[PDB]
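The figures here come from the full heavy-atom set of this structure, side chains too, leaving out hydrogens, waters and symmetry mates. Residue numbers start at 1 and run along the sequence shown.
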Amino acid sequence: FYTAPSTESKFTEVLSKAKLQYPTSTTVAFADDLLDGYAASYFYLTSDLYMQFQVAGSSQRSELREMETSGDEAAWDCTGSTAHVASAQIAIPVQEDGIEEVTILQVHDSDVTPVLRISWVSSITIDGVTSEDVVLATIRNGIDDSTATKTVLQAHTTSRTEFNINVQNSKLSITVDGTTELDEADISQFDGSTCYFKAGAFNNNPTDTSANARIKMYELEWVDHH
Ligand SMILES: *[C@@]1(O[C@H]2[C@H](O)[C@H](O)[C@H](O)O[C@@H]2C(=O)O)O[C@H](C(=O)O)[C@@H](O[C@@H]2O[C@H](C(=O)O)[C@@H](O)[C@H](O)[C@@H]2O)[C@H](O)[C@@H]1O
C-alpha cells in the first residue's frame with residue numbers, strides 16, 4: 001500500500017540516475033524498476049512528498065547509488081577536473097532508541113572505501129571535544145588508512161536542511177543551508193580512484209539491531225559540469 005517516489009516528477013531524474021540497494025549492497029531495484037513505481041516499507045513516498053528510507057540492523061542500508069542514464073554505473077575520476085555535485089533537502093527525524101549513527105550521503109570509491117560520509121551521530125569526540133546530536137562529515141585518510149578526518153557540520157534539527165557536496169580537482173566542499181561547513185578538503189588520497197554518490201539511510205553501529213533508522217529527502221539530485 002506504499003506510494004512510489006516515482007509519482008513525484010521532482011524525483012524522476014535522480015531515479016533514472018540511480019539504483020536502490022537494500023538491505024546490503026545488492027541492488028533490489030534498478031532505474032527502470034524505480035521509475036515504474038517501486039515502493040516498499042524501506043523506500044516510499046510520504047503523504048507530504050518526502051522520499052523516505054528506513055532500515056534496521058547493523059550496517060544495513062536503504063540507499064540510492066548513482067548511475068548513468070546509459071545503465072553504466074557512475075565511475076567518475078574522484079580528483080578530476082569535472083565538477084561533480086550532489087544536492088539534497090533532507091529531514092532527519094529524531095532517531096529511534098538504539099540508533100547511533102545514520103549515514104545519509106556518501107561519495108564512495110568504486111571499490112571498498114567511502115571517500116566521504118555525511119552522517120547523523122548521537123555522540124562524537126573530535127580532538128578532545130564532544131558533540132552530541134550533530135551531523136558530521138567523515139573523510140577517509142586513504143584506502144590503506146582506516147582512520148578518517150571528522151568535521152561537525154550542523155546541530156541536528158528535524159527541519160528540512162539543504163546539503164550540497166561539490167567535488168572537483170582533488171578538493172571536496174560541503175555547504176549546509178547555503179553556508180560552507182567544509183571548505184575544499186583535500187581528497188588527493190583518491191587520485192587514481194573512481195567515485196560515485198550515494199544517498200539514503202545507512203545504519204552504522206546501532207546498539208539495538210531491531211531499531212529502524214529513518215531518513216527523509218524532499219529533493220535529491222546529482223550532476224556534473226565541464
Ligand atoms: C569508519 O566509518 C566506517 C563506517 O562505520 C562504515 O562501516 C563504512 O562502511 O566504513 C567506514 C569506514 O571504514 O571508514 O569507522 C571506523 C571505526 O568505527 O573504527 C572509524 O575509525 C575510528 O574512528 C574514530 C574517530 O576518528 O573518532 C577513532 O577514535 C578510532 O580510533 C578509529 O580510528 C572511521 O573514522 C570511520 O568512521
Side-chain angles (χ1 to χ4, degrees), residues 19 21-27 53 55-66 73-80 84 86 88 90 92 95 98-154 156 163-174 176 180-209 211 213 215 222:
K19 54 181 187 191
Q21 304 173 330
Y22 172 93
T24 55
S25 59
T26 298
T27 300
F53 306 87
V55 64
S58 302
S59 300
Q60 306 295 86
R61 74 193 69 236
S62 183
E63 243 181 353
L64 296 173
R65 184 265 202 244
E66 190 197 356
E73 295 181 321
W76 38 269
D77 181 349
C78 297
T79 59
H84 290 264
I90 301 175
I92 306 171
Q95 295 299 306
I99 298 299
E100 305 301 331
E101 174 170 22
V102 184
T103 290
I104 68 183
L105 293 159
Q106 312 194 51
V107 177
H108 202 285
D109 84 349
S110 294
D111 197 14
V112 305
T113 307
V115 178
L116 167 71
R117 297 182 303 105
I118 301 184
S119 67
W120 169 83
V121 299
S122 175
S123 181
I124 192 76
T125 297
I126 308 182
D127 310 307
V129 179
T130 301
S131 297
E132 310 249 32
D133 199 13
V134 294
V135 183
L136 200 60
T138 294
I139 294 185
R140 275 281 299 281
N141 284 328
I143 293 172
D144 298 329
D145 187 342
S146 59
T147 66
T149 303
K150 286 174 184 283
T151 304
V152 176
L153 311 168
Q154 195 202 26
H156 182 207
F163 292 89
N164 182 284
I165 297 160
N166 182 292
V167 189
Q168 188 184 19
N169 283 327
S170 70
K171 308 303 183 168
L172 181 155
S173 301
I174 298 168
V176 180
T180 309
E181 302 294 354
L182 190 62
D183 183 21
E184 296 241 285
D186 182 56
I187 56 166
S188 64
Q189 60 276 25
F190 296 101
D191 284 325
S193 294
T194 59
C195 275
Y196 55 89
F197 290 120
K198 314 186 85 194
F202 172 33
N203 186 31
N204 315 117
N205 301 133
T207 56
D208 185 343
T209 54
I215 299 297
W222 29 65

Taking the side chain as every heavy atom from C-beta outward, state whether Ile104 and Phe53 have any atom pair closer than 4.5 Å. no
Excluding sequence neighbours, so at least two apart, what forms ring-ring contact (aromatic ring centres under 6.0 Å, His included) with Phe197? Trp76
Pick out which of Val107, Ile90, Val176, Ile165 makes a side chain to side chain contact (heavy atoms under 4.5 Å, CB included) with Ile118. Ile165
Would you give the length of the straight line joining atom CG of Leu153 to atom OG of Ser119, rounded to the nearest 0.5 angstrom? 8.5 Å
Taking C-beta and beyond as the side chain, do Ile126 and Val152 meet within less than 4.5 Å on heavy atoms? yes
If you define the side chain from C-beta out and look only at heavy atoms, does anything of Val135 sit under 4.5 Å from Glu181? no
Please round to the nearest 0.5 Å and tell me the distance separating atom OG1 of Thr125 and atom NZ of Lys150. 11.0 Å
Drop me the distance from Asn141's CG to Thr149's OG1, to the nearest 0.5 angstrom. 4.0 Å
Are any side-chain N or O atoms of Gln189 and backbone N or O atoms of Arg140, one a donor and one an acceptor, separated by less than 3.5 Å? yes
Under a 4.5 Å cut-off applied to non-hydrogen side-chain atoms, are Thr130 and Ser123 in contact? yes
Contact summary for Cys78 and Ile187, nearest pair of heavy atoms: O-CD1, 3.6 Å
Begin with the C-alpha distance, continue with both residues' side-chain angles, and end with the deciding distance and a verdict on side-chain contact (heavy atoms from CB on, under 4.5 Å) for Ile215 and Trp120. CA-CA 10 Å; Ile215 299 297; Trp120 169 83; 5.7 Å; no
Quick one, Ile99 and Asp208 - any side-chain contact, counting heavy atoms below 4.5 Å? no
Quick check: do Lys198 and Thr103 have side-chain heavy atoms less than 4.5 Å from each other? no
Report yes if some heavy atom in the side chain of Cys195 is under 4.5 Å from a heavy atom in the side chain of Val115; otherwise report no. yes
Give a yes or no on whether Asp145 atom CG has more than 12 heavy-atom contacts from other residues, nucleotides or ligands under 6.0 Å away. yes
Polar side-chain atom of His156 near backbone of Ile92 as donor-acceptor pair, under 3.5 Å: yes
Is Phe202 close to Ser59 at the side-chain level, that is, under 4.5 Å between some pair of heavy atoms? yes
Counting N and O atoms only, with roles assigned by atom type, does the side chain of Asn166 sit under 3.5 Å from a partner on the main chain of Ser173, one being a donor and the other an acceptor? no
What distance do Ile124 atom CD1 and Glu132 atom CD have between them, rounded to the nearest 0.5 Å? 11.0 Å
First locate atom OG1 of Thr151, then atom CG of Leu182, and finally report the distance between them rounded to the nearest 0.5 Å. 5.0 Å
Please name the pair of heavy atoms, one in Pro114 and one in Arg117, separated by the smallest distance, quoted to 0.1 Å. CB-CG, 3.9 Å
Restricting to salt bridge (charged side-chain N to carboxylate O under 4.0 Å, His left out), what partner residues turn up for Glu73, sequence neighbours left out? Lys19, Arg65
With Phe190 as partner, the option from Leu172, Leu116, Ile143 fulfilling side chain to side chain contact (heavy atoms under 4.5 Å, CB included) is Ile143
